[PDB]
Amino acid sequence: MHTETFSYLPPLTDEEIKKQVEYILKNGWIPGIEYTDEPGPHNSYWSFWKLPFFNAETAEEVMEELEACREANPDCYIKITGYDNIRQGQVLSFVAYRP
Amino acid sequence: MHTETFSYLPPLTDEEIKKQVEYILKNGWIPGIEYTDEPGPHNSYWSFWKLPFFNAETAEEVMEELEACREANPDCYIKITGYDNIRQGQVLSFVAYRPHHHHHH
Amino acid sequence: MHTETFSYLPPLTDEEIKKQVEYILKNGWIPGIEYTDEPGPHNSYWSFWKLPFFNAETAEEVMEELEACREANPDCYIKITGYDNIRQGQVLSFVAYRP
Amino acid sequence: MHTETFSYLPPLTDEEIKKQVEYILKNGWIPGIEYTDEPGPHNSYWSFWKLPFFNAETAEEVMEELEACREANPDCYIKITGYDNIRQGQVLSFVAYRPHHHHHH
Amino acid sequence: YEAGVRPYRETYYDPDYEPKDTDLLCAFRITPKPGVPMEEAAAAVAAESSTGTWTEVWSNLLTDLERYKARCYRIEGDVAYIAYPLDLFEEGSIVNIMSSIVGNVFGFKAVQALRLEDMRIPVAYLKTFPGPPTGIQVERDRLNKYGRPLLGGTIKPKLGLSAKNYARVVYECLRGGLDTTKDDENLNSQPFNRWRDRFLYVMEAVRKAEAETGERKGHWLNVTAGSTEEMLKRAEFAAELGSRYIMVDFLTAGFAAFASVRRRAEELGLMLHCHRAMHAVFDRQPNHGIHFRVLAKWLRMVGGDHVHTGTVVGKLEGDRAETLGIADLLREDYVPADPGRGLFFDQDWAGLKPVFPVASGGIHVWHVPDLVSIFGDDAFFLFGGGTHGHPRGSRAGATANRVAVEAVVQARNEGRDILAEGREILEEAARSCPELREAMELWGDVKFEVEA
Amino acid sequence: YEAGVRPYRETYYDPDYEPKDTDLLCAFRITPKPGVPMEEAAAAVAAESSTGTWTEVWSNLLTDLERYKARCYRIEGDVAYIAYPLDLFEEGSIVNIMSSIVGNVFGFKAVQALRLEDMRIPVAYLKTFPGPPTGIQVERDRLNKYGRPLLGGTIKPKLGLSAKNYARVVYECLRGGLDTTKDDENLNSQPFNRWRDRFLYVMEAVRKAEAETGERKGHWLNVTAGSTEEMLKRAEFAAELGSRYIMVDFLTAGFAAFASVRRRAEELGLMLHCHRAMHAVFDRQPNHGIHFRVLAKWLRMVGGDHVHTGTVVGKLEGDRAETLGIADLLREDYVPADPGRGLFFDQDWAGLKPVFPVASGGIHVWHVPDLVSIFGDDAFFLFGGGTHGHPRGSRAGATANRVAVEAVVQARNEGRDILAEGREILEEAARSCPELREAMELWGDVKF
Amino acid sequence: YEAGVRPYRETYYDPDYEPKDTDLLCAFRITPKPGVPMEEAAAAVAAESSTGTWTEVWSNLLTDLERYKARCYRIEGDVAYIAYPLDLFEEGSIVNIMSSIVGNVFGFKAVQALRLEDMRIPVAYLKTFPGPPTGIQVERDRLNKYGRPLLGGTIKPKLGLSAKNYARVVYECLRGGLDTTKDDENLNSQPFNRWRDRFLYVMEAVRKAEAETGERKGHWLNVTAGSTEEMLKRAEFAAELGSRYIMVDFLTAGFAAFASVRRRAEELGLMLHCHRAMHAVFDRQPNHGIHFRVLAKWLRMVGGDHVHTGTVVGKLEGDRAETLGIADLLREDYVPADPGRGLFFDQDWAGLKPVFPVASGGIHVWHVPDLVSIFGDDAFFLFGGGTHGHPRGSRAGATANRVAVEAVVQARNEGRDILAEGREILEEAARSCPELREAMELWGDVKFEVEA
Amino acid sequence: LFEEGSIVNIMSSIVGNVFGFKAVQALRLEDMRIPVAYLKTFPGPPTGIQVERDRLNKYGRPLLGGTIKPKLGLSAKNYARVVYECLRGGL
Ligand SMILES: O=C(O)[C@@](O)(COP(=O)(O)O)[C@H](O)[C@H](O)COP(=O)(O)O
Ligand SMILES: O=C(O)[C@@](O)(COP(=O)(O)O)[C@H](O)[C@H](O)COP(=O)(O)O
Ligand SMILES: O=C(O)[C@@](O)(COP(=O)(O)O)[C@H](O)[C@H](O)COP(=O)(O)O
Ligand SMILES: [Mg+2]
Ligand SMILES: [Mg+2]
Ligand SMILES: [Mg+2]
C-alpha cells in the first residue's frame, strides 16, 4: 500500500521529517499530526493528534508531539500535515511513521 | 335562437311576466333587467339596464323599467333576472322581449 | 372606439394640440406624427409620417406637418407623439385628428 | 461502542440501575429487558428477555430478572427499557451490563 | 398477561361512553345469531372493525386501547350505535373507511345479518376531503341555466350503436331541447363503439346543437375503464375536445380510482357526473347491506358534481322519504337527524359544495309534476326511453320533456298547486306543443307502484 | 488557540475599514440594551450576521476571518454602518441576503430594538439577479399606452363574490375606462370563488371590454397560493387564457416562491404585478424592522413589474419624502444618497429594468392632482372603493377616474399649476362629464 | 343603493356576535390613532382584513356580508377579538391566512400600532393541513434515542469554512457525543462553500462518526435557496446521500416554498428541521407585529418536525412564561388558554403530530439544569460556540455537553431537585469527566439576564 | 453591452468581425480585464483545486498523468491495459 506524497521514496528519517516540518513553518503554514489504523482510499478523515499546532514556533516542538503520538499509537500510520488558511487547504501531507 | 328558461313555452304576456316578477319578489330575491343584440352561448354578460333593483318593492316598478328598456332597445333581446344574494346565484332568468325579426323567419 | 391618452376628454382643438406639442419640445423630447386607417388593440405600428422630427425647434413646424398629414390622409386617425431616447420610449401619444 | 442514554456516564451500579427502574415504575411505565451481542446503529431489535414486564410491581422484581439475564448472557450487552403505552413510545432506555471485553481494549 | 378468549362485550360494549365531536359514529341494524345476546353481537362488530380479534393478545398492552378501540355506546331496538376514534382513519380515504367499517364485520357467524343505516362523519375528518370540484351554483353559472330543473337523457340502445349513429342521436336530443345527454353506464369502449370514435363524433354533435339552439350543451362522456390509467387518458381526451363534462361509474370503477379521476377532473376544468351502478347490490335489502345514504355521503366527500338519487315514481325502487333525506344530504350545508328518513345522525358539511341530484329511470312527461314537487329546481331529470321512444324520434321527444318541465315550473311560480293541478298544467301546455301531446298519449297508461 | 468569550468589538468593529465597491453595506438603526455601548452592539450585529458567535472557536483559525468577516466601519448617532464581503452571499438569492442580514440579529438581548434602514447592493451582486421580467418601458410598449398614469382598481367586496359576479364588476370597470383591475391580495382560491372559475370569467370580461373600447385591457389575476406548485399551475392557466398579467403577494408567498413565479412569468410572457401584503408588520415602526425602501430594492432585484408604494394622502400611512425616494429607487438607473429622504447610500442599478410604482388605498378623484404631482406619469393609480362606490356603479366610477387623470395630465402639460388649480381643473372637466361631477360631490368631504 | 362613507363600526363591530366553532379568531392588541375610538379602530381591522373597504360599494349587495364579514365581537382593555368565517380562507394555505389577517391592516393611518397576539385555528380549517411528517415519537424511534433531551450544534464560523473543513468539524462533534450538527441558517451555497461539496463531505463525516460511536447521527443540511426548484433539488441530493435530515429557513424562504419542501421531504423520507430566521423582525416588540406563538402554530400546521423556540437563559430574548406556552402549542394535543403566557384562546390540534422544540443560542454546560427543567426530555439543546469553543476543540466540547445532559437527567430520575442542585450535579459529574470540568471553568462567569 | 454568463457573447462582440476589416490588416487581443461585476455572472470551475485535492486526498506535490498512446488505433481492451499499467505504476 502506498500513502501518497513521498510514498515512492525510501522511508524518511527523523531528520528528513524535521526538514519537511521546517519547510511548513518557514512558509507560515500550520503543522499537524494525524494517525489511523485504517489507511486506504476509503479513509479521508484520519484521527487528529490534538489540534493543528497553530501556536507551534519550532520544528522541534512538532517532532516531540510526533514521538508522543508514535509512542501512544505504535500500531498506526502517522502523517505530518501542513495547512494554509489562506487557500484553506492542506499544502503538504506525508506518512512519517509506518507500523 | 332559444333563450333558456321558458323559451320553449309561448312568448310571455305582460301579465305572465308580472307573475314571474312577483315570484322573485315574494321570495325576497332581487329582480334585474339585461339586454343585448348578441344573445348566444358565448355571451355571459348582457348589458345591464341600470343596476339590479335592490330597492324594488312592487312588481309594477319592475314592469315599468321593462317597458322603458323595451322602448329604448326594440332591436334587442331583454331578459328578467332574479338574484339570491344568500346563495350568490341566479334563481330565475328568462327573456321577456324578443325583437321583431326573431318571429318572422 | 377610444384611442388612449386624452380620448376621454372632449376632442382637442388645434390650440390644445399645439400646447401638447410645446410640452413635448419644452422637455427636450422629439415630436412625431403617426397615422392609420386601422386603429385598434391589434395595431402597435402606425404609419410614420416622415421620421420623428429630431430637428424640430418650434411647435409651428410640427403643426404644419400635422396639417399636411391631415390633408394627405383625411380618412385616417392621426396622432402626435413625443419620444425620449434616454428611457428609450414614447413619453406621450394622443390622437389629434379623427376621420 | 456507545449505547445511547447514560453511556457517557460511568457504568451504573446496581443501586443506580434500581433507581432508574424505580423511576420507570413510579411513573406507571412498563419496564423491559433486552440483550444482544450485536449492538450498533443497524440493530433496532435486540432480543427480548421475556416479554415486557407488564405485571411488575417492584423494582426488585426487575433487578432479579436483570441478574438472571446477566448470568445467562455474560457475553451480551443488556439494556433496561421503559415503555409508555399512552404515547406508544419508549421513555427511557439504557444499558445496564456490558461484556468484559468492552472495558479492556 | 392474561391469555385466553373473552366475550367481546367486556372490552367493546360501553354504554357509559360519551361520543366525542371528533368520533365517527355508525348506526348498525343488527340481527344476532339466535342465542347471541345483542350486546355481544354489537361488541363483536365494534371489536372486529377497530382493534380487536377473537382472543386476547399480548401486544394489546403495547398500545392504549382506551384511545383506539371502537365502542358500542348505545343499543336501541335492533340498532347498535358504535363510535370510532378519529385516529383510526386515514385522512381523505373513503377506501380506509370501508376497510374498517364494512371490511369483515358483515360475515361473522355470531351476526347473521348486518345493515349500515347511517354514519356521522365528524368535521375533523370530513375536512380532510375536498368535496365536489364544481357544485350546483358554479355549474349553473357555467351552463347559464337558472330557475328550473335541468334536462338530460341516456342514449339508447344501451349498447350496439356505432359512434356515428351514437352522435346522431345526441345531436337530435340536444337540438330538441335537452341540456345534456349521457353514455350508458355500461358503454365504455367496445368492439361496436370504441371510445375515441365516440368522443370525437359526440363532441361534433354537441358543438353543432349548441350553435343551432343558442343554448349551452353537454354530453356526459363515460371514462369508466378497466384501469385508472385508462380512465385518466379518456378524461384527458374529453378535455382536449372541449367537453364540459365527463362521467364515471364510481362504484364499479371503485373509490381509489374514483378519487384519482376527481382530482384529474378539477385539474382539467371538467365537471364530474357520477353514476351509481352496482349500488343496489349493496343497498336494496333492509336487513343486510349498506343504505345508499351512506354511499351518498362518501360520494359528496370525494367530490362528485352529480349523483343519481332515484325517481321514486320510476322503474327503479326508491322510497319518497328516504330520497328526500338523500337529497338533503347531497345539497344542504347542515342536515339534522330524522330516523323517519333513515337519518340516525345529524350531518354537518362545513362548507363542502353541494351535489346535483339526478333523477333517472323509467320516467316520462306525466311524472314531471311529481318530480318538480319532490326535488324542486336543483336536479337533473333524465329521459332516455322517454326521449327516443317518442313517436317522432329523439328531437320531438326532447322538446316534449323540456316543455313539460318549463310548463310545470311556470305554473308553480305563479302560485298553482302542481300536485293537485299537475295533469291540468301539462294538458294546458300540450295545447301549444304537439310533441308534448304525442308523448302524453303514448305513455298515459304507463305507471309504476310508489312507496312513501 | 485562545478559548474564551471576547467582546464582539475586538473583531467586528473596525472604524478604519474603507468599504469596497463590491461590499454589501447596511445601515442599522441600533437601540442597545442599557449599559451596552454602541460599538459593542454594532459589533454584535456585524458578528452574528456574518461569521461570529458568542465565544471564540478553534475552527476560526481554519479560515481567514480578515477576508470573510463583516465589519462595522462607521457609527453616526444610533446608525451603524456595516460592510459585508461579496463572497458571503449566494448569487441571485434574496433569501440568502435575509438569512444573514435579518436572520437572528433582531432578537439579541444585547440589542433591544433594531431596524434595517437601507442597503447598498453592489453592482457586482446586482448582476446575479435578472430584475423585472417586463419593466416600465416594455410594459408601456405591450399596452400601447403613453403619456399618463395608468388606471386600475381592486374589485370589492374583497371576498364574498362568486366568480361570475366578480367578472361582472371587472367588465363594468374596464369598459368604463380603467386600464386594469385586480384581485384583492387575500383573494386566492376559496369556497365562494375558485381560481379556475375566476380566471375564465375574468378573461371573458377583459376581452369583451377590449373589443368594446378599442383599448388594451388587463386584470391582475392573483396566483398567490399555499405552495409554489399551485402558484405555477395558476400562472400557466392565466397564460393559456391569453392574460397579459398575473399577480403575486411576494411577501406572504415568500421570496423563494416569488422567484419561482417570476422565472415562469417571463417564460410564459406574463407581466407580474406585486402586492406588498404584510409589509406593514415590520416596515412601519421607526425603531424596529426593515424599511420599505429595502424591500423595494429586493423587489426590483428579484423582478416585479409593479409594486405598491403608498399614496401618502390615502387611508394607509406613508411619508411623502420617503415615497419620493422609493419611487426613484424603483424607476431610475442611479439614485444618489439623500439624507432628506432616508437614502443612506448611492444606489447604482446596473442596467436592471425599472418597476412601476402603484398608488392605492382610500383615494378618489379629489386626490388626483396630488397623485399626479407626486408620481408623474410612470405609475398606476388604483381606485377600488373609489370606483365601485360611485353613486351609479362601477362603469360610471371608472369613467370619472379616467377623466380626472386625463384632465389633470392635460392641465399639467399646458403649463398649469395642478396643485394650485386642482379644484378648478376638476370642476372644468366635470362640466363635460357627469360621472366625474357625481364623484366629486360624493367624496368632497372625505380626507385622511 | 346608499353610496358614501360610513364608519367601519356600523358593519364590522358587533359585540352581540357569538363565535362559531368553525370561526377563526384573532386577538389584536390595538393602539388607535389618538381621537379614533377603539371600537372604530377594531372595526377597521375587521373590515379591511375580510370584506370591507373605505366606502360603500354597490357590489356588496351581490353577496351575503352577514356570512362573510369578519366581526370584532369583544373589546377588552387594548385587545380586540375578531372572528373570521371559515369560508374566507383557502384550505391548507398559511399564505392565505397571512394575506387576510396581516395583509394590510398593520399600515392604516387610523391604527398607529397593531400586534397579533394569538389566533384560534378552528378544527374545521386546521384539518385541511397535514402537520409534521415525522413527529417527536417517530423521530426518537428513527434515532433510537430515549429518555433524554437530544444534542446538537451549529457549525462555526457561520460562514467562511470550506466544505472539507466543514465536514471535519462535523466529524469531531458527532464522534464526541452530539446526536446532530447543523448548517448555519445563512450557510446555503456560496463561493467559499458550495452546497454539493458540503453535502457530500458532511455525509461522509456523518457515516464515519456513526460507525465509530455506534450511535445514529444526523446533520441538518440546509436546503434554503433562492428559488423553490433549487431547494427541492438540494433536498433530493440530501436524500440520495442517505441523510436522515434536511433543514429549511421557513420564514426567509417563505411559506409557499416551505409547503413545497415539506411535501417533498415526506415523499423522500426526510425529517425536516425548521429554522426561524427573520422571526424577530416580526415578533420582538410588544406594541407592533406578530408574536412568535402565532408563527409557531402556522409552523406546526404546515408540518415542521422541529422548530427553534428560544432558550430563555441564552443570548437571544425569550420570556420563560411565553416559551412554556410555545412549547405546549408545539407538543401537546390540546392547549387551554392562559393570557398569562399570551395564550388568549385554547387550541385543539385534533391529532396533528407534535414538533420538537429546539433550544439554541449562547448556551453552555452551566445552562443544562435550567434547560432540562424548562423543556423536559422532548427537546434538542444546541451548542455551537459551546462545542467548538471548548479549550480542546469540538470533540471534547461535544463530550462535555453530552455528559452534562445525561448527568442532569440521571439526577432528575433519581428524585433530586435539578434546580436547587443543578450546579452540584454538574460538579459531581465533572469529577469523572475532564472535558466537562474544562467547559465549566471556561464559561463559569458567562451569563445573560433572564425574564420570567 | 454583454449577456450575463455568456463567453459566447463576449467573443461575438470582442472578436466577432473586427479581425477581418480591410482597414486593420492584423489584430491581436493581448489581454482583457474582466470586471468583478461581470465575473459574478459566471459559476467558475465545478470543483476547483482545493476541493479536487480534498476529493483525491493528495497534498504536497504536483499530480502525475499521461496520455495513452498511440493517439488512435488502440482497441478498447488494449487501451485499458495501458491505463492499468500506468496507474498501478504510480501515475
Ligand atoms: O340504464 C338505465 O336504465 C338508465 O340509463 C335509464 O335509462 P331510461 O332513461 O331509458 O330509463 C339510467 O342509467 C338509470 O336510470 C340509472 O338508474 P339510477 O338513476 O336509479 O341509478
Ligand atoms: O385591500 C385594499 O385595501 C386595496 O385593495 C385598496 O382597496 P381601495 O382601493 O378600495 O381602498 C389595496 O390592496 C391597498 O391599497 C393595498 O395597500 P398598499 O397599496 O399600501 O400596499
Ligand atoms: O446562528 C446562531 O446564533 C445559532 O447558530 C446559534 O449558534 P451558537 O450555538 O454558537 O450560539 C442559531 O442559529 C441561533 O441560536 C438561532 O437563534 P433561535 O434559536 O433563537 O432562532
Ligand atoms: Mg344507464
Ligand atoms: Mg387589496
Ligand atoms: Mg445559526
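Residue numbers start from 1 in every chain, and the chains themselves are labelled A, B, ... in the order their sequence lines are given, proteins ahead of strands. Below, each value reflects all heavy atoms present in this structure, side chains not excepted, and no hydrogens, waters or symmetry copies.
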Can you check whether E:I155 reaches E:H388 side chain to side chain, under 4.5 Å on heavy atoms? yes
Closer than 4.0 angstrom, basic N to acidic O: yes or no for E:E421 and E:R416? yes
Working to the nearest 0.5 angstrom, can you tell me the gap between E:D283 CG and E:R115 CZ? 6.5 Å
Verify side-chain contact (heavy atoms from CB on, under 4.5 Å) between E:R276 and E:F282, making sure each step is shown before the conclusion. CA-CA 11 Å; E:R276 56 176 192 172; E:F282 309 145; over 6 Å; no
Can the ring centres of E:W220 and E:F380 be said to be less than 6.0 Å apart? yes
With a 4.5 Å cut-off on side-chain heavy atoms, are E:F383 and E:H390 touching? no
Looking only at non-hydrogen atoms, find the nearest pair between B:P52 and B:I30 and report the distance. CB-CG2, 3.9 Å
Show your reasoning for whether side-chain hydrogen bond (donor to acceptor under 3.5 Å, both in side chains) applies to G:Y68 and G:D87. CA-CA 7 Å; G:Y68 292 113; G:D87 292 330; 4.9 Å; no
Taking the ring centre of each residue, are E:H291 and E:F344 less than 6.0 Å apart? no
Donor-acceptor pair, side chain of E:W349 and main chain of E:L329, under 3.5 angstrom: yes
Between E:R412 and E:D377, does a salt bridge (charged side-chain N to carboxylate O under 4.0 Å, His left out) hold up when you go through it step by step? CA-CA 11 Å; E:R412 182 201 63 195; E:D377 287 336; 2.9 Å; yes
Please answer whether the main-chain N or O of E:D249 pairs with a side-chain N or O of E:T224 as donor and acceptor at a distance below 3.5 Å. yes
Evaluate the criterion salt bridge (charged side-chain N to carboxylate O under 4.0 Å, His left out) for residue pair B:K19 and E:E414; output intermediate values, then yes/no. CA-CA 6 Å; B:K19 288 193 174 65; E:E414 291 178 345; 5.4 Å; no
Decide if atom CZ of B:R70 counts as having more than 12 heavy atoms of other residues, nucleotides or ligands within a radius under 6.0 Å. yes
So CZ of E:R402 and CG of E:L150: to nearest 0.5 Å the spacing works out to 9.0 Å
If you count heavy atoms of other groups shown closer than 6.0 angstrom to NZ of E:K158, is the number above 12? yes
So, E:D378 side chain and E:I136 main chain: donor-acceptor pair closer than 3.5 Å or not? no
Measure across B:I80 and B:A96 and return the closest heavy-atom pair with its distance rounded to 0.1 Å. CG1-CB, 4.2 Å
Keeping E:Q137 on the side-chain end and B:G89 on the backbone end, is there a donor-acceptor pair under 3.5 Å? no
Would you give the length of the straight line joining atom CZ of E:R140 to atom CD of B:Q90, rounded to the nearest 0.5 angstrom? 10.5 Å
Can any side-chain N or O of E:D305 pair as donor or acceptor with the backbone N or O of E:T134 at less than 3.5 Å? yes
Would you sort out whether B:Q88 and F:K164 count as a side-chain contact (heavy atoms from CB on, under 4.5 Å), showing the intermediate values? CA-CA 10 Å; B:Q88 177 144 224; F:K164 190 199 168 174; over 6 Å; no
When you measure from the side chain of E:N222 to the backbone of E:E185, do you find a donor-acceptor pair of N or O atoms at a distance under 3.5 Å? yes
Against E:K297, only a single residue in E:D328, E:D118, E:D348 fulfils salt bridge (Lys or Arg N to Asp or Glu O under 4.0 Å); can you say which? E:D118
Answer yes or no: does atom CZ of G:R67 have more than 12 heavy-atom neighbours from other residues, nucleotides or ligands under 6.0 Å? no
Which heavy-atom pair separates E:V365 from E:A400 by the least distance, and what is that distance? CG1-O, 4.0 Å
Answer yes or no: is there a side-chain heavy-atom contact under 4.5 Å between E:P133 and E:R262? yes
side-chain contact (heavy atoms from CB on, under 4.5 Å) for E:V372 and E:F381? Distances and angles first, verdict last. CA-CA 9 Å; E:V372 175; E:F381 303 160; 3.8 Å; yes
Rounding to 0.5 Å, atoms CG (E:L272) and NE2 (E:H306) come to a distance of 8.5 Å
For the atom pair NE2 (E:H367) and OG (E:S373), what is the distance rounded to the nearest 0.5 Å? 13.5 Å
Just so I know, are the side chains of E:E441 and E:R437 near enough to count as touching, which here means a heavy-atom distance under 4.5 Å? yes
If you look at every heavy atom in E:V368 and E:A404, which pair is closest and at what distance? CG1-O, 3.6 Å
So, do E:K145 and E:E139 sit near enough that their side-chain heavy atoms are less than 4.5 Å apart? no
Is it true that a side-chain atom of B:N27 and a backbone atom of B:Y23 form a donor plus acceptor pair closer than 3.5 Å? yes
Using distance alone, with no hydrogens and no angle criterion, decide if E:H308 and E:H273 have a side-chain donor and acceptor under 3.5 Å apart. yes
Are E:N144 and B:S44 side-chain neighbours, meaning at least one heavy-atom pair lies under 4.5 Å? no
Return yes if some donor-acceptor pair links the side-chain N/O of E:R284 with the main-chain N/O of E:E317 below 3.5 Å, else return no. no
Donor-acceptor pair, E:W366 side chain versus E:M440 backbone, under 3.5 Å? yes
Please report the closest heavy-atom contact between E:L436 and E:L426, naming both atoms and the distance. CD2-O, 3.8 Å
Are E:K217 and E:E210 within salt-bridge range, i.e. N to O under 4.0 Å? no
B:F48 six-ring face occupied by F:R168 cation (under 6.0 Å, within 45°): yes
Can E:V307 and E:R300 be said to form a side-chain contact (heavy atoms from CB on, under 4.5 Å), step by step? CA-CA 9 Å; E:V307 70; E:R300 181 175 183 182; over 6 Å; no
How close do B:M1 and E:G214 get, heavy atom to heavy atom, and via which atoms? SD-CA, 4.1 Å
Can you name the one residue among E:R148, E:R142, E:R216 that meets salt bridge (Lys or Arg N to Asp or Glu O under 4.0 Å) with E:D179? E:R148
Check the pair E:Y166 / E:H219 against ring pair (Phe, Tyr, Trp, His ring centres under 6.0 Å), numbers first and verdict last. CA-CA 12 Å; E:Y166 195 96; E:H219 183 88; 5.7 Å; yes
Would you confirm whether B:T5, through its side chain, and E:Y146, through its main-chain N or O, come within 3.5 Å as a donor-acceptor pair? yes
Answer yes or no: is there a side-chain heavy-atom contact under 4.5 Å between B:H103 and B:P11? yes
Minimum side-chain heavy-atom gap B:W49-B:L66 below 4.5 Å: no
Taken to the nearest 0.5 Å, the spacing of E:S243 OG from E:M271 CE works out to 8.5 Å
